[PDB]
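What follows is a single structure, written as structure tokens, with notes after it.
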Amino acid sequence: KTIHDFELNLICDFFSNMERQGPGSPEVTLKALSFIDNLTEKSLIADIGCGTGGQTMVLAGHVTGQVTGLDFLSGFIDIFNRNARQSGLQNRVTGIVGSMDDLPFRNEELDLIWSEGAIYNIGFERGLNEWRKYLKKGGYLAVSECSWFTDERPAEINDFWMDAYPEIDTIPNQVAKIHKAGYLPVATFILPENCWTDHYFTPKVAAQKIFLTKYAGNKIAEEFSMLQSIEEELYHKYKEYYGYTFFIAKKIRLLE
Ligand SMILES: C[S@@+](CC[C@H](N)C(=O)[O-])C[C@H]1O[C@@H](n2cnc3c(N)ncnc32)[C@H](O)[C@@H]1O
């Protein structure tokens with residue numbers, strides 16, 4: 001009943017035609033996975049804010065345990081499950097609808113919680129704090145998050161982020177937050193520029209051309225499309241100042 005309700009409609013439509021809905025690459029997903037040493041055929045893994053599950057399918061192909069993708073948008077989960085079905089993976093890979101502020105898991109159920117380009121929806125620290133209970137002792141969190149690369153920056157890019165997601169922070173500050181939340185910062189690495197360009201903005205042009213033909217003349221859709229363009233423009237102009245960082249973190253008692 002709001003522009004926002006109609007908005008979610010567009011977002012889903014727009015991004016449904018992309019293999020990923022945020023910066024990343026199969027190489028990056030597997031690099032993060034390479035730091036996790038606890039997994040077996042009996043492991044239970046969840047991917048939070050999984051989108052259509054592009055990264056989840058990569059993960060699933062390189063682990064033997066069960067993987068559950070969770071996302072707020074049923075349209076994304078329908079695609080997730082369609083793709084798992086195509087790959088014959090449904091014995092191990094399942095997509096479910098849910099909200100990351102209200103996860104359905106039992107305490108200490110999971111060996112691994114994955115989340116790429118999604119924790120910002122509840123906030124980095126909040127996710128670190130609230131998701132901890134769902135992990136087995138010695139289990140892992142592996143999340144990619146928006147980062148500043150410097151302490152000072154141009155007003156334009158600062159203002160953009162203060163409006164979009166003011167919890168963006170520098171990497172040393174973020175590593176400190178991992179530690180403070182009771183996790184050992186086992187690995188922390190910055191995503192390459194190609195995760196943003198080749199693997200996200202570039203496929204986004206094809207998706208945008210499909211979206212615009214479908215929603216031609218719709219005011220809200222054209223606005224939404226303009227915002228997407230701005231996002232890419234800002235990245236090309238300010239990429240020296242920000243990016244994504246992958247944090248792989250082990251839940252340990254010694255840190256709380
Ligand atoms: C930029 S996308 C990335 C999707 C995917 N993880 C990737 O890396 O391609 C953010 C995802 O978070 C989901 N999302 C937003 N708020 C959520 C919430 N409260 N609970 C669960 N998922 C949420 C969106 O629907 C979307 O699929």
Side-chain angles (χ1 to χ4, degrees), residues 2-16 18-24 28-29 32 45-56 59 67-80 95-105 110 112-135 140-148 160-171 173-174 177-178 181 183 188 191 195-196 199-201 204 207 224 227-228 230-232 234-235 242-249:
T2 67
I3 280 189
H4 326 273
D5 289 309
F6 192 76
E7 282 280 359
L8 268 192
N9 174 120
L10 302 179
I11 294 182
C12 201
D13 261 293
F14 187 101
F15 286 98
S16 284
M18 297 177 55
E19 196 172 296
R20 291 293 300 275
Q21 295 79 43
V28 159
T29 294
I45 298 156
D47 183 8
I48 308 305
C50 61
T52 61
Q55 73 292 339
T56 324
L59 238 194
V67 183
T68 299
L70 174 149
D71 202 276
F72 181 80
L73 289 181
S74 63
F76 281 170
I77 293 305
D78 284 350
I79 295 168
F80 181 111
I96 64 174
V97 172
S99 183
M100 66 179 68
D101 68 346
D102 193 13
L103 297 175
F105 310 110
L110 302 172
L112 173 59
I113 290 173
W114 207 264
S115 186
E116 296 195 39
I119 194 169
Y120 73 83
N121 286 290
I122 56 172
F124 191 62
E125 273 202 295
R126 182 171 173 191
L128 293 176
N129 278 339
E130 297 186 7
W131 294 354
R132 201 173 182 276
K133 58 179 152 295
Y134 305 110
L135 282 170
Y140 283 87
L141 240 190
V143 305
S144 64
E145 161 71 335
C146 315
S147 299
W148 288 134
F160 170 83
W161 278 101
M162 289 309 103
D163 191 81
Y165 178 59
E167 182 167 356
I168 182 169
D169 205 351
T170 64
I171 295 159
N173 285 167
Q174 291 169 146
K177 287 167 176 176
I178 292 280
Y183 305 84
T188 303
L191 278 65
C195 293
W196 289 81
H199 288 96
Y200 177 71
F201 289 132
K204 200 158 151 176
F224 176 87
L227 277 53
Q228 301 302 299
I230 294 173
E231 174 186 4
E232 178 174 4
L234 291 172
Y235 185 77
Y242 73 97
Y244 260 28
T245 304
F246 226 124
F247 299 87
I248 297 89

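Heavy atoms only: backbone and side chains are in, while hydrogens, waters and symmetry mates are out. Numbers here simply count residues along the sequence, with the first being 1.
Atom CD1 of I3 is separated from atom CG of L8 by 13.0 Å, given to the nearest 0.5 angstrom. The CZ atom of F105 sits 7.0 Å away from atom CD1 of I113, with the distance rounded to the nearest 0.5 Å. With rounding to the nearest 0.5 angstrom, the CG atom of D71 is 10.5 Å from the CD1 atom of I79. Note: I77 CD1 to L70 CG = 6.5 Å, rounded to the nearest 0.5 Å. Considering CD of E145 and CD1 of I171, their distance stands at 11.0 Å, rounded to 0.5 Å. Interatomic distance, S74 OG to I96 CD1, rounded to the nearest 0.5 Å: 13.0 Å.
Counting heavy atoms from C-beta outward, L128 and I178 have side chains that approach closer than 4.5 Å. Annotation: side chain of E232 is not in contact with side chain of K204 (no heavy-atom distance under 4.5 Å). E231 places a side-chain heavy atom less than 4.5 Å from the side chain of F201.
For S144 (side chain) and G117 (main-chain N/O), a donor-acceptor pair under 3.5 Å exists by modelled atom type. The main-chain N or O of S99 is never found under 3.5 Å from a side-chain atom of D102 such that the two would form a donor-acceptor pair. Judged by distance alone, the side chain of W131 and the main-chain N or O of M100 form a donor-acceptor pair under 3.5 Å. Remark: the backbone N or O of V143 is not paired with any side-chain donor or acceptor of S115 at under 3.5 angstrom. Not one N or O on the side chain of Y244 forms a donor-acceptor pair closer than 3.5 Å with the backbone of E116. Under a 3.5 Å cut-off, the side chain of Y242 and the backbone N or O of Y235 do form a donor-acceptor pair.
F124 and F247 have tilted rings, their planes meeting at an angle from 30° to 60° on a 0 to 90° scale.
The two atoms that bring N9 and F6 nearest to each other are CB-O, 2.8 Å, heavy atoms only. Looking at every heavy atom in both residues, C195 comes nearest to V28 through SG-CG2, 3.5 Å. When all heavy atoms of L103 and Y134 are compared, the pair lying nearest together is O-OH, 3.7 Å. Smallest separation of non-hydrogen atoms from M18 and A207: CG-CB, 3.6 Å. Scanning all heavy atoms of the two residues, the minimum distance from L110 to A46 falls at CD1-CB, 3.7 Å. Residues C50 and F80 share a closest heavy-atom pair of SG-CD1, 3.7 Å.
Between the side chains of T2 and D5, at least one donor-acceptor pair of N or O atoms lies under 3.5 Å. Side-chain atoms of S147 and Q174 include a donor-acceptor pair closer than 3.5 Å.
Using a 4.0 Å cut-off between charged side-chain N and carboxylate O, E167 and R126 make no salt bridge.
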Step-by-step side chain to side chain contact (heavy atoms under 4.5 Å, CB included) determination, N173 to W148: CA-CA 10 Å; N173 285 167; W148 288 134; over 6 Å; no

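The 12-atom threshold is not exceeded at CZ of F72, counting heavy atoms of other residues, nucleotides or ligands nearer than 6.0 Å.
Checking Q21, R20, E19 one by one against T52, the side chain to side chain donor-acceptor pair (under 3.5 Å) holds for a single residue, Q21.
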